[PDB]
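Notes for the one structure printed next.
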Amino acid sequence: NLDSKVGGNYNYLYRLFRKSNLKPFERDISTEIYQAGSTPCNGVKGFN
Amino acid sequence: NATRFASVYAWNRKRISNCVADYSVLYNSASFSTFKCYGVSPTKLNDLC
């Protein structure tokens with residue numbers, strides 16, 4: 001009833017993919033483009 | 001590599017079981033025009049069974 005917005009609330013963010021799993025009590029704030037799958041794509045999104 | 005295929009509604013299915021798959025020559029060989037594959041990467045299929 002508060003944080004929800006019409007058409008989705010894009011203020012908050014979440015990292016779907018990362019090169020490795022974070023340990024408990026660890027912070028990664030990096031918003032850049034990194035490797036998603038098993039093939040390193042060298043930065044900008046592409047190459048599966 | 002078959003000479004002639006079937007139609008789009010006549011499509012034939014070949015059962016693949018009890019086999020070992022090498023996907024490096026089917027993808028990284030750059031012998032195919034394009035591929036669109038969802039849910040899994042082409043390199044992951046070699047380490048996934």
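Every chain in the structure tokens takes a letter, A first, then B, and so on in the order presented; its residues are numbered from 1, and the ligands are numbered from 1 following the presented order.
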
I need the alpha helix (DSSP H) residues of chain B per DSSP on the backbone, written as an mmCIF file with N, CA and C atoms, in the first residue's frame.
data_model
loop_
_atom_site.group_PDB
_atom_site.id
_atom_site.type_symbol
_atom_site.label_atom_id
_atom_site.label_comp_id
_atom_site.auth_asym_id
_atom_site.auth_seq_id
_atom_site.Cartn_x
_atom_site.Cartn_y
_atom_site.Cartn_z
ATOM 1 N N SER B 24 30.835 -28.484 -28.906
ATOM 2 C CA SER B 24 31.826 -27.511 -29.352
ATOM 3 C C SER B 24 31.837 -27.369 -30.868
ATOM 4 N N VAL B 25 31.732 -28.480 -31.596
ATOM 5 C CA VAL B 25 31.728 -28.411 -33.052
ATOM 6 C C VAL B 25 30.369 -27.963 -33.576
ATOM 7 N N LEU B 26 29.324 -28.049 -32.751
ATOM 8 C CA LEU B 26 27.992 -27.666 -33.202
ATOM 9 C C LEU B 26 27.706 -26.191 -32.956
ATOM 10 N N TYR B 27 28.549 -25.515 -32.185
ATOM 11 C CA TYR B 27 28.356 -24.111 -31.845
ATOM 12 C C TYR B 27 29.579 -23.253 -32.115
ATOM 13 N N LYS B 44 27.140 -24.197 -21.389
ATOM 14 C CA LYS B 44 26.631 -24.927 -20.237
ATOM 15 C C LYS B 44 26.108 -26.312 -20.590
ATOM 16 N N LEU B 45 25.579 -26.496 -21.802
ATOM 17 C CA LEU B 45 25.030 -27.783 -22.210
ATOM 18 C C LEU B 45 26.065 -28.899 -22.210
ATOM 19 N N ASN B 46 27.350 -28.570 -22.347
ATOM 20 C CA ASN B 46 28.402 -29.573 -22.265
ATOM 21 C C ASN B 46 28.634 -30.069 -20.846
ATOM 22 N N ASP B 47 28.472 -29.207 -19.842
ATOM 23 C CA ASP B 47 28.629 -29.595 -18.446
ATOM 24 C C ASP B 47 27.304 -29.975 -17.795
#

(message) Using only C-alpha atoms and a distance of at most 8 Å, pull out the residues of chain A that contact chain B, as a PyMOL selection string.
(response) chain A and resi 37-39+48

Could those selected residues go to a file with N, CA and C atoms, as a compact mmCIF listing (two decimals), in the first residue's frame?
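Done, and the output landed in again_2.txt:
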# COMPACT_ATOMS: atom_id res chain seq x y z
N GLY A 37 26.29 -16.01 -17.50
CA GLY A 37 26.43 -17.44 -17.64
C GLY A 37 27.86 -17.91 -17.47
N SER A 38 28.17 -19.04 -18.11
CA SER A 38 29.50 -19.63 -18.02
C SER A 38 30.46 -19.08 -19.06
N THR A 39 29.98 -18.28 -20.01
CA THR A 39 30.84 -17.72 -21.05
C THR A 39 31.07 -16.25 -20.76
N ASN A 48 24.99 -14.11 -25.43
CA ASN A 48 24.25 -15.02 -24.56
C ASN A 48 24.49 -14.75 -23.08

(request) Might you pull out every residue within 12 Å of residue 43 in chain A, with only C-alpha atoms counted and same-chain residues fewer than 4 positions away left off, and present them as a ChimeraX atom specification? (result) /A:32-36,39,47

(request) Have a look at CA of residue 20 in chain B and CA of residue 39 in chain B and let me know their distance in Å, one decimal. (result)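 Taking CA of residue 20 in chain B as the start and CA of residue 39 in chain B as the end point, the length is 21.0 Å.
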
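We find CA of residue 31 in chain A and CA of residue 16 in chain A to be spaced 11.2 Å apart.
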
(request) Just the residues within 10 Å of range 13-15 of chain A, please, counting only C-alpha atoms, with nothing from its chain fewer than 5 positions along; format it as a list in words. (result)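 Listing them by chain and then by number gives residues 28, 29, 30 and 31 of chain A.
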